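**Q** Pasting a structure below so you can have a look.
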Amino acid sequence: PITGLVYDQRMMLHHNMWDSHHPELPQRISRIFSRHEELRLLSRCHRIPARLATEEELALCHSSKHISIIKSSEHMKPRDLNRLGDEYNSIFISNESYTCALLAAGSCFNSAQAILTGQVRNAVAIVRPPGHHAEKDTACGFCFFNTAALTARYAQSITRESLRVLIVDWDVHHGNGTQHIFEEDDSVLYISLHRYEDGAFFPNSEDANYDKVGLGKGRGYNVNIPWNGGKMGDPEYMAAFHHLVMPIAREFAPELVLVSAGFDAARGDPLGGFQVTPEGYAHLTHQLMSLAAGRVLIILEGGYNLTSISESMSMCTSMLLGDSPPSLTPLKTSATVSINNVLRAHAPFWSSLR
Ligand SMILES: O=C(NO)c1coc(-c2ccc(Br)cc2)n1
Ligand SMILES: [K+]
Ligand SMILES: [K+]
Ligand SMILES: [Zn+2]
């Protein structure tokens with residue numbers, strides 16, 4: 001089977017001109033890409049071309065007002081760029097930000113297209129800026145457009161409306177935008193694992209707690225796995241996958257799996273404060289490959305330790321390529337509490353839960 005890879009160095013143009021050291025660095029993606037070359041993973045992949053998303057494709061998830069204001073930043077002066085970005089929560093904008101976000105989205109669209117048309121079995125998308133905090137009508141948390149959400153809708157747009165898409169968000173932060181975009185949607189199952197700390201961790205909303213299970217026809221199709229009081233690592237993530245992610249995913253039976261694959265839960269990351277190892281990410285990837293006839297697209301989200309994310313994402317690509325999972329302790333009490341709270345909330349909706 002063939003593994004696709006998409007990477008375009010033009011996504012490095014998006015930058016913070018008032019803090020050249022801001023953690024969401026252009027070098028995030030070049031470091032990951034270089035490590036794929038060093039480890040001889042890139043040469044094993046089918047190279048998928050990048051492309052710009054169109055404005056009509058952005059409209060699958062975003063309002064015209066939001067597309068209009070971000071598009072207008074392409075021709076702003078530095079003072080106007082600073083003012084606009086300070087209007088959002090945790091955003092910086094450069095004149096290249098809009099086109100880079102278009103490239104991140106269209107790269108993932110081409111990757112989803114390649115998977116669904118059978119050109120490759122699975123794929124990895126080394127892209128920035130990230131997507132999962134972006135709402136229908138707002139930029140937030142380094143994200144302008146919700147790449148993962150857009151890719152789900154794009155995939156349905158080129159197959160059928162009811163194509164079942166699982167989005168597993170293992171970025172350490174809650175993907176508030178992805179949850180809200182699909183909150184009332186039973187065609188897109190959103191499962192997020194995130195540091196929560198009783199609502200006092202970015203993006204700082206109780207919308208991320210385990211009891212937000214969806215709305216309307218979407219009740220049960222939104223699974224939040226919030227972590228509290230603990231430096232969670234491989235044992236907690238493996239246990240969450242065993243008890244929640246994989247049983248629910250199997251009952252949903254997705255046809256396409258997208259991973260909002262932040263690597264800010266990795267050890268070494270100062271923004272996430274967790275200790276998930278590269279081998280841990282390999283095991284999570286390997287479990288997801290058992291779904292959707294292997295149709296898995298790994299999409300970079302957050303992740304800010306340049307070595308950690310390069311090592312971690314490389315391990316995921318190795319798994320997609322078919323390499324054997326690498327070698328990989330009981331849980332903390334609060335992790336057990338978190339998993340039991342999700343199990344109780346979702347027992348009405350998922351009969352396979354135990
Ligand atoms: O990686 C992220 N999401 O996946 C992400 C987005 O914004 C932030 C953040 C912003 C300000 C401060 Br202070 C701390 C964290 N992190
Ligand atoms: K998450
Ligand atoms: K949903
Ligand atoms: Zn994050």
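By convention in this document, the chains of the structure tokens carry letters A, B, ... by their order, each chain's residues are numbered from 1, and ligands are numbered from 1 in the order they are shown.
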Taking the DSSP secondary structure from the backbone, can you list the residues of segment 242-327 of chain A that are alpha helix (DSSP H), as a PyMOL selection string?

**A** chain A and resi 246-252+278-288+306-320

**Q** What residues of the protein or nucleic acid chains come within 7 Å of ligand 4 when you use only C-alpha atoms and all ligand atoms? Reply as a PDB file with C-alpha atoms, in the first residue's frame.

**A**
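File produced: out-v5.pdb:
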```pdb
ATOM      1  CA  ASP A 171      -3.405  17.940  19.957  1.00  0.00           C
ATOM      2  CA  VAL A 172      -3.082  18.763  23.650  1.00  0.00           C
ATOM      3  CA  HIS A 173      -5.646  21.572  23.261  1.00  0.00           C
ATOM      4  CA  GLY A 262      -0.854  18.332  17.145  1.00  0.00           C
ATOM      5  CA  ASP A 264       2.149  19.558  21.797  1.00  0.00           C
ATOM      6  CA  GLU A 301      -1.864  21.026  14.179  1.00  0.00           C
ATOM      7  CA  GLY A 302       0.120  22.329  17.168  1.00  0.00           C
ATOM      8  CA  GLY A 303       3.371  21.073  18.605  1.00  0.00           C
TER       9      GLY A 303
END
```

**Q** Can you pull out every residue with an atom within 9 Å of ligand 1? Use only C-alpha atoms and all ligand atoms and format it as a CSV table (one decimal) with N, CA, C and O atoms, in the first residue's frame.

**A**
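Contents of result.csv, as written:
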```
chain,number,residue,atom,x,y,z
A,23,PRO,N,6.3,30.7,19.3
A,23,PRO,CA,6.4,29.3,19.2
A,23,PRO,C,5.9,28.7,17.9
A,23,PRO,O,6.3,27.6,17.5
A,24,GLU,N,4.9,29.3,17.3
A,24,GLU,CA,4.4,28.8,16.0
A,24,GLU,C,5.3,29.2,14.9
A,24,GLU,O,4.9,30.2,14.1
A,89,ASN,N,-8.1,36.3,19.7
A,89,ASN,CA,-7.4,35.6,20.8
A,89,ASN,C,-6.3,34.9,20.2
A,89,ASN,O,-6.4,33.9,19.5
A,90,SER,N,-5.0,35.3,20.6
A,90,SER,CA,-3.8,34.6,20.3
A,90,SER,C,-3.6,34.4,18.8
A,90,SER,O,-3.5,33.3,18.3
A,91,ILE,N,-3.6,35.5,18.0
A,91,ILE,CA,-3.4,35.5,16.6
A,91,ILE,C,-2.3,36.5,16.2
A,91,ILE,O,-2.2,37.6,16.8
A,130,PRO,N,-1.8,26.1,11.9
A,130,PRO,CA,-2.8,25.1,12.3
A,130,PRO,C,-4.2,25.5,12.1
A,130,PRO,O,-4.5,26.7,11.7
A,131,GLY,N,-5.2,24.6,12.4
A,131,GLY,CA,-6.6,24.9,12.0
A,131,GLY,C,-7.6,24.7,13.1
A,131,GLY,O,-8.7,25.4,13.0
A,132,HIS,N,-7.4,23.9,14.1
A,132,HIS,CA,-8.5,23.3,14.9
A,132,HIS,C,-9.2,24.3,15.8
A,132,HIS,O,-10.3,24.1,16.3
A,133,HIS,N,-8.5,25.4,16.2
A,133,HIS,CA,-9.2,26.5,17.0
A,133,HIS,C,-10.1,27.4,16.2
A,133,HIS,O,-10.7,28.3,16.7
A,140,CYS,N,-8.5,32.1,15.8
A,140,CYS,CA,-8.2,31.9,17.2
A,140,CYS,C,-7.0,31.0,17.3
A,140,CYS,O,-6.8,30.1,16.5
A,141,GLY,N,-6.2,31.3,18.3
A,141,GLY,CA,-5.1,30.3,18.7
A,141,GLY,C,-4.2,29.8,17.6
A,141,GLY,O,-4.0,28.6,17.5
A,142,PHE,N,-3.7,30.8,16.8
A,142,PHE,CA,-2.7,30.5,15.7
A,142,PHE,C,-3.4,30.0,14.5
A,142,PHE,O,-2.7,29.7,13.5
A,143,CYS,N,-4.7,29.8,14.5
A,143,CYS,CA,-5.5,29.2,13.4
A,143,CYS,C,-6.4,30.2,12.8
A,143,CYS,O,-7.1,31.0,13.4
A,171,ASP,N,-4.0,16.7,19.5
A,171,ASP,CA,-3.4,17.9,20.0
A,171,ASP,C,-3.8,18.2,21.4
A,171,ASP,O,-4.9,17.9,21.8
A,172,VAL,N,-2.8,18.7,22.2
A,172,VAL,CA,-3.1,18.8,23.6
A,172,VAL,C,-4.2,19.7,24.0
A,172,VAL,O,-4.7,19.7,25.1
A,173,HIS,N,-4.6,20.6,23.1
A,173,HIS,CA,-5.6,21.6,23.3
A,173,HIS,C,-6.9,21.1,22.6
A,173,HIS,O,-6.9,20.4,21.6
A,174,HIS,N,-8.1,21.5,23.2
A,174,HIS,CA,-9.4,21.3,22.6
A,174,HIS,C,-9.5,22.0,21.3
A,174,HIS,O,-9.3,23.2,21.2
A,175,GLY,N,-10.0,21.3,20.2
A,175,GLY,CA,-10.3,21.9,19.0
A,175,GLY,C,-11.7,22.5,19.0
A,175,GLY,O,-12.6,21.9,18.4
A,201,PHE,N,-7.4,25.9,31.0
A,201,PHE,CA,-6.3,25.7,30.1
A,201,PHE,C,-6.8,26.1,28.7
A,201,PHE,O,-8.0,26.0,28.4
A,202,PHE,N,-6.0,26.8,27.9
A,202,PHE,CA,-6.4,27.3,26.6
A,202,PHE,C,-7.1,26.2,25.8
A,202,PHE,O,-6.6,25.0,25.9
A,203,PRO,N,-8.2,26.5,25.1
A,203,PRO,CA,-8.8,27.8,24.9
A,203,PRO,C,-9.8,28.2,26.0
A,203,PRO,O,-10.6,29.1,25.7
A,262,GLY,N,-1.8,17.5,16.4
A,262,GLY,CA,-0.9,18.3,17.1
A,262,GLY,C,0.1,17.4,17.9
A,262,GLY,O,-0.2,16.3,18.2
A,263,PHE,N,1.3,17.9,18.1
A,263,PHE,CA,2.3,17.1,18.9
A,263,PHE,C,2.8,17.9,20.1
A,263,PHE,O,3.9,17.7,20.6
A,264,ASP,N,1.9,18.8,20.6
A,264,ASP,CA,2.1,19.6,21.8
A,264,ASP,C,1.8,18.8,23.1
A,264,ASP,O,2.0,19.3,24.2
A,271,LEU,N,4.4,24.2,25.9
A,271,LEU,CA,3.0,24.7,25.9
A,271,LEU,C,2.0,23.7,26.4
A,271,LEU,O,1.0,24.0,27.0
A,272,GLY,N,2.3,22.4,26.3
A,272,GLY,CA,1.4,21.3,26.6
A,272,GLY,C,1.7,20.7,28.0
A,272,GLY,O,0.7,20.4,28.7
A,301,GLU,N,-1.2,19.9,13.5
A,301,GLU,CA,-1.9,21.0,14.2
A,301,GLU,C,-0.8,21.8,15.0
A,301,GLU,O,0.1,22.4,14.4
A,302,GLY,N,-0.9,21.7,16.3
A,302,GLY,CA,0.1,22.3,17.2
A,302,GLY,C,1.3,21.4,17.4
A,302,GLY,O,1.6,20.5,16.6
A,303,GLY,N,2.1,21.8,18.4
A,303,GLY,CA,3.4,21.1,18.6
A,303,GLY,C,4.5,22.0,18.4
A,303,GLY,O,4.7,22.6,17.3
A,304,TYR,N,5.3,22.3,19.5
A,304,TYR,CA,6.2,23.4,19.5
A,304,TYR,C,7.7,23.1,19.8
A,304,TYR,O,8.5,24.0,19.7
```

**Q** I need the residue nearest residue 156 of chain A from this list: A:320, A:116, A:193, A:53. Use only C-alpha atoms for the distance.

**A**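 When distances to residue 156 of chain A are compared using only C-alpha atoms, the smallest one comes from A:116.
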
**Q** Can you tell me, as a list in words, what residues are no more than 7 Å from residue 217 of chain A when counting only C-alpha atoms, ignoring any on the same chain fewer than 5 positions away?

**A** residues 184, 185 and 186 of chain A

**Q** Kindly export the residues of the current selection with N, CA, C and O atoms, as an mmCIF file, in the first residue's frame.

**A**
```
data_model
loop_
_atom_site.group_PDB
_atom_site.id
_atom_site.type_symbol
_atom_site.label_atom_id
_atom_site.label_comp_id
_atom_site.auth_asym_id
_atom_site.auth_seq_id
_atom_site.Cartn_x
_atom_site.Cartn_y
_atom_site.Cartn_z
ATOM 1 N N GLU A 184 -23.789 19.693 15.645
ATOM 2 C CA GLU A 184 -25.113 19.188 15.318
ATOM 3 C C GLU A 184 -25.079 18.197 14.161
ATOM 4 O O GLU A 184 -26.113 17.943 13.541
ATOM 5 N N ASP A 185 -23.919 17.608 13.890
ATOM 6 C CA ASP A 185 -23.695 16.801 12.696
ATOM 7 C C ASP A 185 -23.422 15.352 13.096
ATOM 8 O O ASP A 185 -22.487 15.077 13.854
ATOM 9 N N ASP A 186 -24.242 14.422 12.593
ATOM 10 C CA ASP A 186 -24.017 13.002 12.839
ATOM 11 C C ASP A 186 -23.210 12.324 11.729
ATOM 12 O O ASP A 186 -22.961 11.114 11.807
#
```

**Q** Rank A:77, A:14, A:219, A:136 by their smallest atom-to-atom distance to ligand 3, using only C-alpha atoms and all ligand atoms, and report the top residue only.

**A**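 Smallest distance to ligand 3 is found for A:219.
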
**Q** List every residue of segment 108-226 of chain A that has an atom at most 8 Å from any atom of segment 56-63 of chain A, giving for each one its closest atom pair and the distance in Å to one decimal, counting only C-alpha atoms, sorted by chain and then by ascending residue number, as a tab-separated table.

**A**
```
residue	atom	partner	partner_atom	distance
A:135	CA	A:62	CA	7.3
A:136	CA	A:62	CA	4.3
A:137	CA	A:63	CA	5.6
A:145	CA	A:62	CA	7.5
A:146	CA	A:61	CA	7.7
A:149	CA	A:61	CA	7.1
A:150	CA	A:61	CA	6.0
A:153	CA	A:60	CA	6.3
A:154	CA	A:57	CA	7.1
A:181	CA	A:61	CA	7.0
```

**Q** Identify which of the residues A:92, A:87, A:270, A:119 lies closest to residue 22 of chain A, counting only C-alpha atoms when measuring atom-to-atom distances.

**A**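 Between A:92, A:87, A:270, A:119, the residue approaching residue 22 of chain A most closely is A:92.
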
**Q** Quick check for you: according to DSSP on this backbone, which residues of segment 118-318 of chain A are classed as strand (DSSP E)? Reply as a count of residues only.

**A** 35

**Q** I'd like to know which of A:314, A:15, A:333, A:238 is closest to residue 287 of chain A, using only C-alpha atoms.

**A**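 So, comparing all the options, the nearest one is A:238.
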
**Q** Using only C-alpha atoms and all ligand atoms, find each protein or nucleic acid residue lying at most 6 Å from ligand 3; present the set as a VMD selection string.

**A** chain A and resid 182 to 186 188 to 190 218 221 to 222
